[PDB]
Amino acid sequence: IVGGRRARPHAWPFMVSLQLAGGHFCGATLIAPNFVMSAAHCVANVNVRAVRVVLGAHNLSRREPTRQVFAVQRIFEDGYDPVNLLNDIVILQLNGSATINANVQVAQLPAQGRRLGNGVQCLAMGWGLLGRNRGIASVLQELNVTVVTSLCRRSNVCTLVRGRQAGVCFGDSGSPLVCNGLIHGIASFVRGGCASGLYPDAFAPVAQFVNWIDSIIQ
């Protein structure tokens, strides 16, 4: 996250860190004790058998006992278009179930087809690059962003941090977009480079997939 701040320890218990060989590579949201939601391009060309789903984390550099680690067991995708970046959502079923607690909580989703309006205040988070060039975050960052509709496909939910050079950057993909306490986006792609100050970042619109997500997570 470029231009944000450190989230209070365990402020967002549904936040998940996807990792390959000790290193975080994508964000995800816990949506059921045994289901995580992320961006389809995260598991795209990656050895899924080796991806570890870390829950209950805050500061990735330290050994935290709050953490619960699961492995992916099943992959569900619904028309992910790799070239046009459409339907960039993947449901990953875990090999076990998170013990729900103060650190590990389940996220809530909007209703099927709940379109966000231009100007809505939302909060983004992730452990991605701290700067266009500056290293990956170690402590979960958060960022106040505003929904916009200009310079944005209806097949995406875009945000813009008006009047500043801030936004999601590499490593935030998969991370949630919580608007009104509901996950309305799944960090997908940026334009003009991270934090251009000119282009909106695009999130996968969770709302347009609520029915599918449910038929799976039951």
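Residue numbers run from 1 along the displayed sequence.
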query = Where do the C-alpha atoms have the higher mean temperature factor in this entry, in 98 to 106 or in 139 to 147?
reply = 98 to 106
Between the two ranges 30 to 38 and 46 to 54, the one averaging a larger CA B factor in the entry = 46 to 54
inquiry  = Just the C-alpha B-factor column, please: which of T66, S155, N59, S173 has the biggest number?
reply    = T66
task = Specify which of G23, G197, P205, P13 carries the largest Cα B factor in the deposited PDB entry.
result = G23
request  = Rank-wise, by C-alpha B-factor, drop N84 into the lowest, middle or highest third of its chain.
outcome  = middle
note = Sorting the chain's modelled residues by C-alpha B-factor and splitting them into thirds places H184 in the middle
remark   = Tertile call for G167 (CA temperature factor, within chain, third-based) is the middle
remark   = Tertile call for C122 (CA temperature factor, within chain, third-based) is the highest
inquiry  = When the deposited Cα B-factors of this chain's modelled residues are ordered and cut into thirds, is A111 in the lowest, the middle or the highest one?
reply    = middle
